[PDB]
Amino acid sequence: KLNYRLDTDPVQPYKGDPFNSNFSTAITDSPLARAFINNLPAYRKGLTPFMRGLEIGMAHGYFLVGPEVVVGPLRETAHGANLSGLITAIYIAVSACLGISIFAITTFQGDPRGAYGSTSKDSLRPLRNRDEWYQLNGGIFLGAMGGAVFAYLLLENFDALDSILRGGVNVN
Amino acid sequence: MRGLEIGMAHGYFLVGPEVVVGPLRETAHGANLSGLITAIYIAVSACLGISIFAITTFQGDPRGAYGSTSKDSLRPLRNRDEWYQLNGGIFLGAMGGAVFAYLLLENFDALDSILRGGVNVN
Amino acid sequence: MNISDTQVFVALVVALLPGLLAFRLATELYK
Amino acid sequence: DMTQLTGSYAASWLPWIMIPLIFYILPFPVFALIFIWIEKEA
Amino acid sequence: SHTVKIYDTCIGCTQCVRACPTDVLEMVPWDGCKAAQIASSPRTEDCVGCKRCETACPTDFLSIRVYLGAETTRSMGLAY
Amino acid sequence: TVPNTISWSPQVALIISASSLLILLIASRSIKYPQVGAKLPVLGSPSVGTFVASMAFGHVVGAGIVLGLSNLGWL
Amino acid sequence: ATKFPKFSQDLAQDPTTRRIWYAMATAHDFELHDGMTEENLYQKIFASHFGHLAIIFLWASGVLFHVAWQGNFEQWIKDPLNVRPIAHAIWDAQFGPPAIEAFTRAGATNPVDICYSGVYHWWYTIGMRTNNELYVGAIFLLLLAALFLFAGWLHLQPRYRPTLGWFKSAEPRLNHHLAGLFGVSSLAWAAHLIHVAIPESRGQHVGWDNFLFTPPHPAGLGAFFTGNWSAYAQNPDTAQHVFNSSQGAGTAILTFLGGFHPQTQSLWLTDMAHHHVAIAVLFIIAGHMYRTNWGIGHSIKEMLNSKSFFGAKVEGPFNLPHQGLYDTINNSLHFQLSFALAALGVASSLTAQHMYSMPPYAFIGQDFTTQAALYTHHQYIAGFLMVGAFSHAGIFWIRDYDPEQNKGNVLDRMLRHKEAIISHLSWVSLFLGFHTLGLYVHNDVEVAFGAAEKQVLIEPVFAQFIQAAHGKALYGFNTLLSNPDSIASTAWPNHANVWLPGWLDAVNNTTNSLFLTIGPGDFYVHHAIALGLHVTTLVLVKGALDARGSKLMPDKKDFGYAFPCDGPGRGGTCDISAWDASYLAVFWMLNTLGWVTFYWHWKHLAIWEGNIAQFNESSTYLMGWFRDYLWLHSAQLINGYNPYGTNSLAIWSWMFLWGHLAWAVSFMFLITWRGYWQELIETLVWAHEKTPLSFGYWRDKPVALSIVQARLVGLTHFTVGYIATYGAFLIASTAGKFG
Ligand code: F6C
Ligand code: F6C
Ligand code: CLA
Ligand code: CLA
Ligand code: CLA
Ligand SMILES: CC1=C(/C=C/C(C)=C/C=C/C(C)=C/C=C/C=C(C)/C=C/C=C(C)/C=C/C2=C(C)CCCC2(C)C)C(C)(C)CCC1
Ligand SMILES: CC1=C(/C=C/C(C)=C/C=C/C(C)=C/C=C/C=C(C)/C=C/C=C(C)/C=C/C2=C(C)CCCC2(C)C)C(C)(C)CCC1
Ligand SMILES: CC1=C(C/C=C(\C)CCC[C@H](C)CCC[C@H](C)CCCC(C)C)C(=O)c2ccccc2C1=O
Ligand SMILES: [Ca+2]
Ligand SMILES: [Ca+2]
C-alpha cells in the first residue's frame, strides 16, 4: 500500500547515502557537471598544490583588472584607467593571499577543527595539509600577479592590438 | 628550479625573431610587443603540452621510458608531481625571461646611452 | 538594410538551444 | 578606408573576436581535451 | 594476435613450420595423411602475419590460413 | 476595421449542424464517462448529459468556425 | 588498454598510433562494434540520421543568416543582372591593404566573397524579398534543428526506442514516404508557390501577417470544388511581364505555358506550381499501393515470390525467379543503402543536366559562374554517390548475402555469369578506349601536319535526330516536333499541345542552353564519356562480384571487405580486396567527371565568348583541349597575384596552387609503400631514445600507416587536390572573365 517509488525517482540520494544532506541532481551528479567541476584546477587529479594555485591565479587576476578600467574613476583616460585596473587586481589578490596565509596559520594547529580534521570526509575540501595550502598560496599570488599584468599589457597596447587584429600592421 | 632556469633562458631568447624579422618590425614598439606576444604564446602552448603529457603519461604504471622498470638515464623525471613542479617553473621562468627581453628592447635607446656613457652628460 | 545588433545577439542566444541539444544527443549516442 | 579590416554589418567586432577565438585560441585547448579523452586508461 | 588455422587438407610436408620466422608452428602426430603428421599453431601470440607459411604451403587450396587480427607489440614486429 | 460577419444563410446552418454532429460521434467514443445518467443507432448510445454537452460544444465550436471564416473571407 | 575506442577492445589494446587512426575509420561501422545487436544497430542508425538532418538544417540556417547579416540581397533584388551576390564577409587579419582593396567589391565597404551557389536567385524566385525574411527563416531552421536533435535524443530513451519489427515493416514505410514525405511535401510546396511565390513575383506582398485573408486567385476555392479548374489557368502572365512587379502580370495560378519567362529566361512559376500539384497527386496515389493494416494493398513478398501468371506457370516476373528477395533486401541495410545511393546519384546527375538547360530560377541562366559551379558540384556528387552505391553493393555481397536463401533467383544467376559480365564490360571498355584515343591522336597528327581537313570527323547524327525530334529545326530534319504537320506536333485526336508553342520557342532560341548545337567534337567527347562510364562500372562491378572470392583468393569472403592483401605468395595479391576495387574506381570516377566537366565548361565558355567556332574546330583533337581550354583560360587565374600587384582572383590563384600541392602529396602516399616508412620510423625512434633533453616520450608507439590506411589517405589527398584545383580554375576562368 506504501509506494515510495524511489527506483523510478529522477532525483536520487547523493552517492547512495540518503542521510548525507545532499541530492543527486543535474548540478551535483550529472556526467557533464562532474567532469567540469572535478577537472577544474582546484580538483584536477594529480595536480600539485602550486600548479592548482597558478592556474586559478592566472584566471582570476586576468579578469579582475577589467571592472575598474571601464567604469572606474580613471576611465576618462586610457593610461590612467588601465593602471587603476591593475592596481585594483593587485590589491584584491594580495589581500586574498594574506587571507589564505592566515587561514593556514590558524586552521592547521594540532588536529584541525571542522572539515579539515583527520577524520573528516569532505570531498569538496581535499587540501588536508598545511604545506599544501602554502604551495597553493604561492601559486595563487604569482598567478594572479601574472594574469593581472597580462591583462594590463594587453589594455596598455589596445591601439597596437586593434591594428594587429585588423591587419593594419601590414601597410608597411 | 630546473623549470625556472629553463624557462628564463627559453623565454628570453624567444622574443627576438619577431622583433627583428616580424611583420611589426617597421616600428620599434610594435615589434617588441609582437615578439613578447609570440614568446608568451609559444611558452603557454608548451606548458599546456607539458600538462597534458603529465596527465596522460602517469596513469597506473606509465608506458615506455617512464615505467617503474625503465632505466632511461636521459629521462629522470619519473613522478607526476615532479612534472607539474617542472611545468610551473617553466611557465614562470618563460614569462619572466620574455618580459626581461621585452623590457630591455623597449628601453633600447636608454640602454644604448647607458652602455656608451651618454647618461653622464648631466 | 541588413539585420541589426539585436537580431544578431538574438540569433546567437537562440543557437544555444540546438548546441545543448546536440551535446545531449552526442552524449546519448556515445552510450 | 581600405587599409584595415572593417565591417559595415551589425556588430563588426564579432569577427574581430571570434576569428582568433576559433582559429588560434580555443583549438589548442580543444586538442588537449581530445588528447586527454583518447589517452585515458581503461 | 593473428589467427593461424590448419585444415584437414594438410599433407604433412613440414614446409610451413620451416618457413615460419618466429616459431609459431610445429608438426604433431596425425592419421589423416600419408606423412602421419599435421601442422599446428600453439604459439600464435608470436605470429607476425608474414604469411611465409602460406607461401610455402603446396596444397591447393592452402592447408594453412592466417587471419590478421588485433595488433600487439610483437605482432607488429616492433623492437621498441 | 470591423471584422466581417455574414447574414444568416443555409451555409452557416450546415457548419453548425456538422460541427454538432461530428462532436456527437467523437464525444460518445472518446470522453471518459459517457452513458452516465438518464439515457436518450450508429452512435455509441450516449446519455442525456453527453448529448446536451455535444450540442452545446457544437454551438460553441460552430460559432467560432462561422465567425472565423466570415472574418477571413472563408479562411 | 585505453577507454578509446569504446566500441572495439581489439583497437583499445593496440599499443601503437594505429589504434587512434582506425578508431576514426571504424567509428561509424556499427555492425562491427563489440556486442552489437540488430535492434541496437537500427536504433543507433535512427538517432544518427536525426543528427545528420539537424546538421543539414543548421547548415541551411547558417547560409541564410550569413546572407541576411553580411550579404547584399536587397540591393541584388533591384538589379540581379549587374549586382554580384555576396556570400559572407572576410576577416583574415593577415591581409595587406592591396588584398583588402581587391576583395572590397560588389557595393560593399568591407572585403567580401562573391556567392556562387545560386541561393540569391533561388530565394528571389520563391518570393523572399527582405533580409528580415531571411533572418526569420534562419531562426526557424535553428529551431527545427533543435527539434530534430531533441527527437534523436528522445528516440534513444528506453520507452521510445523502436523495436526491430518497426524498422523491418517495409510496406507502411513505403506508403508513408510515397504519400506523405514525397506527395504531401510537394503539395505543400505547390501551396507555397501559389499563395506566396507567384503573388510576390507579381509585386504583391504576401506573408504570415496577411496570407490568411488574401486569396491567391479571384475565383477562390469555390472553383476547385465545383470543378471549374480552367478558371485557374485563365489570364496567365503576358510576354511583357516584369518580374517582381504588376506590369504585365496575370492572375492565373496554374498554367502550362512551357518554355521560359521572356525576361527572367527561367521556367514559369505557375508551370512549376502546376508541376508540383501533379507530382503531389501522383505520389499520394502511389502511396496507397501497399498493404499495411486494412487488407487492401499489394504485399511485396507475395509479388516477389509469385509463380503464377493468371493461371500459367512462370518462374516469376518476366519469367524470372525473384523469390526470396524480400528477406534479402529487408535484412540487408547495405543493399538498401546501395539502391539509395544509386538513386541519389542518378537524381543528382539529372539535376545537373536539367538545371542548366532549363533554369528554374530568375536570371540564374545569366550568372555563368553560378551555372558552371552548380553543374560541376552536382555532377561530382553524383559520381561519388555512384561509387558509394557499388561499394556498398560489394559490402552486401560479403556481409549480408547467403547463397541458400537466394538459391535459384536472379541474384544467384548474376553471381553465376559474373565472368561473362566482367569480360563483356572489359571488351566494351577496350573498344571504346582504343577507337576514341586512336581517332583523337589521328586528328592531332593531321592538324599538326597542316592537314586539318584529313581529320576523321564523325557527325553525331543520332543525337541531332533526337534534337530535331524535340523541335530543333537547325539541322534541317523534318521529323516529329520539328515538323509542324507531324502527328506528334499536331496531336491530332485532341490538339492539347499547350506546351508546344513555348517549348518550341525555348528550343529554337539561339541564346540559351536548351539542346545546344552539337558536332563532331561533341560526338568524340560523348564517346570518351561512355568509355569513362564503362570503365568505372567495370571496376566497380568486378570488385562487387569478386568480393566473395576469385581463383586467386577463393576464400575472400572470410577476410572481410577491406584488407591489405594476402601476401606475396601465389604471385602476389596487392589490391585484391573489394575495398581496393572501390579505391581504384574512385580514380576513374574522378577522371570521367573531369572529362564531363571539361566538356561542359569549354562548350559554355565558347558560347559565352561569342567564339563557338573555337570549340567547334578545336575540340576534335586533344591539343585543342590542351591549348585553347586549359592554357588559354589559365592566364587570368595565374595572374591573380604577380610581382606587379594583386586582384580579387588572388584567392583562386593561391588555391589553384594549393590543390596542385595536395595532389602532389597524394602521389607520395600512393607510390611509396609502408615498409620504407616503417624502417625510417625505427631509425627516428632510435634517434629520439638516444637524444638528451628530450623528456617527451610516446604513449602510443609510432608506426607507419597501414597499407589500407595509406591507400585511403592517398586517395583523399588526390581527390581534394583534384576538386580544389578544378574549382579554383573554374571560378577564376568564368568569374574573372565575365560578370
Ligand atoms: C613530445 C615531445 C617530443 C620531443 C621532446 O620531448 C621530441 C624531440 C625530438 C629531438 C630528439 C629530435 C630533434 C628535434 C628536431 O629538430 O625535429 C623535431 C622538431 C620538433 C619541433 C618536434 C616537436 C617538439 C615537441 C613536440 C614540442 C611540443 C610543444 C608544443 C608547443 C605542444 C603544443 C600542444 C598543444 C596542445 C597543441 C626530434 C626529431 C623528430 N621528431 Mg620529435 N620530439 C617530440 C615529439 C614528436 C612528435 C609528436 C612527432 C610526430 C610528428 C615527432 C617527429 C619527429 C621527427 C620526424 C624528427 C626528426 O627527424 C628529429 C630527429 O630525430 O633528429 C635526429 N616528434 N624530436
Ligand atoms: C631568428 C633568429 C633570431 C633573431 C632574429 O633576427 C634574434 C634577434 C635578437 C634581437 C632582438 C636581440 C638583440 C638586439 C640587439 O642587437 O640589441 C639589444 C641588445 C641588448 C640590449 C643586450 C644588452 C646586454 C645584455 C643585457 C647582456 C645579455 C645578458 C645575458 C643573456 C645573460 C647571460 C646569463 C648566463 C651567463 C648565460 C637578441 C638578443 C639575444 N639573442 Mg637572439 N635572435 C635569434 C635567435 C637566437 C638564438 C637561436 C639564440 C640562442 C638561444 C639567441 C640568443 C640571444 C641572446 C642570449 C640575446 C641577447 O642578449 C639579445 C637580447 O634580447 O637583448 C635584449 N637568439 N636576439
Ligand atoms: C553551419 C552553419 C554555419 C557556417 C558554416 C558558418 C560559417 C562562418 N561563420 Mg557563422 N553563424 C551561423 C552559422 C554558420 N556560420 C549561425 C547560425 C550564426 C548565428 C548564431 C552564426 C553567427 C556568426 C558570427 C557572429 C560570426 C560568424 C562567422 C563565421 C565565419 C568564421 C567562422 C566563425 O567564427 O564561426 C562563428 C560561429 C558562431 C559564432 C556560431 C556558429 C553556430 C553554428 C550553427 C554551429 C554549426 C555547427 C556545425 C553544424 C557542426 C559541424 C559538425 C562537423 C562534423 C563539421 C564562417 C564563414 C564570423 C564571421 O563573420 O567572420 C567574418 C563571425 O564573427 N558566424
Ligand atoms: C548516405 C550515405 C552513406 C552512408 C550511410 C554510408 C555508411 C557506411 N559506409 Mg559508405 N560510402 C558512401 C556513402 C555512405 N556510406 C559513398 C558515397 C562512398 C563512396 C566514396 C562510400 C564508400 C565507402 C567505403 C569504401 C567503405 C564505406 C563504409 C561504410 C560503413 C562504415 C563507415 C566507416 O568506415 O566509418 C566512418 C568512416 C569515416 C568517418 C571516413 C573518414 C572520412 C573520409 C576519409 C573522408 C575524408 C574527409 C574529407 C577530407 C572531408 C569530409 C568532410 C568532413 C566533415 C569529414 C558505413 C555503414 C566502410 C565499410 O562498411 O567497411 C566494410 C568502407 O570500407 N563506404
Ligand atoms: C593516361 C592514363 C591512363 C590510360 C591511358 C589508361 C588506360 C587503360 N586503363 Mg587505366 N588507370 C589509370 C590511368 C590510365 N589508364 C590510373 C591512374 C588508374 C588508377 C590506379 C587506372 C586504373 C585502372 C583500372 C582499375 C582499370 C583500368 C583500365 C584501363 C584500360 C581500359 C581502357 C581501354 O581499354 O582503352 C584502350 C586502351 C588504351 C587506351 C591503352 C593505350 C593503348 C596504346 C596507346 C596502344 C599503343 C600500341 C603501341 C604499338 C605501343 C608502342 C610500343 C611500346 C610497347 C614500346 C586501358 C588500358 C581497365 C582495364 O584494364 O579494362 C580492360 C581497368 O579495369 N585502369
Ligand atoms: C563555465 C562556462 C563559461 C564561462 C567561462 C569563463 C568564466 C571563462 C573565463 C575565462 C578567463 C577569465 C580566462 C583568463 C585566462 C587568463 C590567462 C590565459 C592569463 C595568462 C597570463 C599570462 C601568460 C601571464 C604572464 C606573465 C607572468 C606570469 C609574469 C610576467 C608577466 C607576464 C604578463 C608575461 C561560459 C559562460 C563561457 C559558457 C558556459 C560554460
Ligand atoms: C653551448 C655553447 C654556446 C651557446 C650558448 C647559448 C645557446 C646561450 C644562450 C643564452 C641565453 C639565451 C640566455 C638567457 C638568459 C636569460 C636570463 C638571464 C633571464 C633572466 C630573467 C629575469 C631576470 C626575469 C625577471 C622577471 C620576472 C621573473 C618576473 C617579473 C618581471 C621580470 C622581468 C623582472 C656557444 C655557442 C656560445 C659557445 C659554445 C658552447
Ligand atoms: C609519408 C608516408 C608515411 C609517413 C606518414 C606518417 C607516419 C603519418 C604522419 C602524420 C603526422 C604525424 C600528422 C599529420 C596530420 C595531418 C596533416 C592531419 C590529420 C587530420 C586528423 C588528425 C583529423 C607512411 O607511413 C606511409 C605508409 C604506407 C604507405 C605510404 C606512406 C607514406 O607515404
Ligand atoms: Ca608590417
Ligand atoms: Ca647622469
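Throughout, protein chains are lettered first and strands after them, A, B, ... in sequence-line order, and every chain is numbered starting at 1. The analysis underlying the following values was restricted to heavy atoms, covering all of them including side chains, and did not include hydrogens, waters or symmetry mates.
Judged purely by atom type and a 3.5 angstrom limit, G:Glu200 has no side-chain atom pairing as donor or acceptor with the backbone of G:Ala197.
For the pair G:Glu39 and G:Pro162, the tightest heavy-atom approach, listed with the atom from each and the gap, is CG-O, 4.2 Å.
Contact count versus chain C (heavy atoms, under 4.5 Å) is highest, among G:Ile139, G:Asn131, G:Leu147, G:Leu134, for G:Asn131. Ranked by non-hydrogen atom pairs under 4.5 Å with chain G, the options C:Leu17, C:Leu29, C:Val14 are led by C:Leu29.
Proximity to chain C (any heavy atom under 4.5 Å) is restricted, for G:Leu58, to the side chain, taken from C-beta onward. For a residue to count as touching a neighbouring chain, one of its non-hydrogen atoms must lie under 4.5 Å from one of that chain's; by this rule G:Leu143 touches chain C with the side chain only. Proximity to chain C is absent for every atom of G:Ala54, based on heavy atoms less than 4.5 angstrom apart.
Contacts of G:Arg699 classified as salt bridge (charged side-chain N to carboxylate O under 4.0 Å, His left out), with partners at least two apart in sequence or in another chain: D:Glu39, D:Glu41.
Taking the six-membered ring where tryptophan is involved, the planes of G:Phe103 and G:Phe95 are essentially parallel, since the angle between them stays under 30° and well short of 60°.
Among the residues in residues 63-78 of chain G, those with a non-hydrogen atom closer than 4.5 angstrom to a non-hydrogen atom of chain C are G:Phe65, G:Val67, G:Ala68, G:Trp69, G:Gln70, G:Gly71, G:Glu74, G:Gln75.
Looking only at side-chain heavy atoms (C-beta outward), G:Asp367 and G:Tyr120 stay at 4.5 Å or farther from each other. Put simply, the side chain of G:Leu333 reaches to within 4.5 Å of the side chain of G:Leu41, judged on heavy atoms. Using a 4.5 Å cut-off on side-chain heavy atoms (C-beta onward), G:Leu32 and G:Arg399 make contact.
The only member of G:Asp10, G:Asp700, G:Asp14 that meets side-chain hydrogen bond (donor to acceptor under 3.5 Å, both in side chains) when paired with G:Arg19 is G:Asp700.
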